[PDB]
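Just one chain follows, in the form deposited in one PDB entry, and it is written as structure tokens.
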């Protein structure tokens, strides 16, 4: 027996079923491209079960009694075991719709709705987008300008360099302010598509106006290629492309900087650490099993109209009746 919710079981970074999970995640991604959110979540859940298994699935008999393994996901795994290939997955991989939606949605500032609109309008390539600049936001133009670098996996070494410059700027702008690495790198990932940082100060309110000062410092050092600042309407944030110096060269790298007041920091850290499926599952668990609404700002009882005060992620897990999972076991 393995628990049904991803937030009730450890999911390590590395596992024994990478071929099988990858194939299911192609089908999940394709479903998302077609607005089939039910089918996306179904394939995502099945893949996450495989990530949690302590052994490779070598025969279909190892599927019996696992949750989230309905007929379609089981068929995909069966075909892979028997034939080394799943024809449905190969058709998806070869299809122009999938390839194009993958191409467009990978670009900085482009979601599924935009990519689909562009597809329906006859756009297919990055050059097609560059030929229609009136169709692009400034963020998307920046994504296209740096597309090669932004498609290159960000490495832990890049993360360490970026954390140093962000810490230097934060520390010079406001002594005592802190920088916490979040996202997939906090979960132990060796590579990623961006770097996420969470900034706060132990005195509530001292973080006010910090982010623009941090960005000014970084801009002055030549480290910023693109910056879009957004005030809270809901955390203050800056979605950036950094110019990371390397020996004899440089690389553009996506970096998200988020500011949270320290009262909300545990919720923010939990929300921003992911994985995306883990957090979806944790929020579903909270609502369905505990009657509480969890988000990146707090944990709300809608019946009592109360908020839970947490000092740590551990506090939040405890309040929900879940065993604590460190970040490296949230790789659902």
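Rigid core (definition): largest C-alpha set, two forms, superposition within 1.5 Å. Residue numbers count along the first chain shown, from 1.
Residue 241, present in the displayed chain, carries coordinates in each of the other PDB entries compared that cover both sides of it, far from a third leaving it out. Coverage remark for residue 231: absent from the model in at least one third of the other entries compared whose chains are built on both sides. Higher mean CA temperature factor, per the PDB entry, when comparing 323-331 with 1-9: 1-9.
Relative to one another, 123-131 and 175-183 have unequal mean CA B-factors, and 175-183 is the one with the higher figure.
Per the deposited record, 72 carries the highest C-alpha B-factor of all listed residues (97, 141, 117, 72). Split the chain's modelled residues into thirds by C-alpha temperature factor. Residue 26 is in the lowest one. Per-chain ranking of the deposited C-alpha B factor places residue 90 in the middle third.
Placement of the Cα temperature factor of residue 312 within the chain: highest third of the modelled residues, per the deposited record. Per-chain ranking of the deposited C-alpha B factor places residue 234 in the highest third. Split the chain's modelled residues into thirds by C-alpha temperature factor. Residue 306 is in the highest one.
Missing here is the form deposited in another entry; even so, the following discussion is about that form.
Comparing C-alpha positions between this form and the one not shown after a rigid core fit, one residue in 217, 201, 187, 254 moves 2 angstroms or more. It is 217.
Taking the rigid core as fixed, one finds a CA shift for residue 174 of 2 Å or more between this form and the one not shown.
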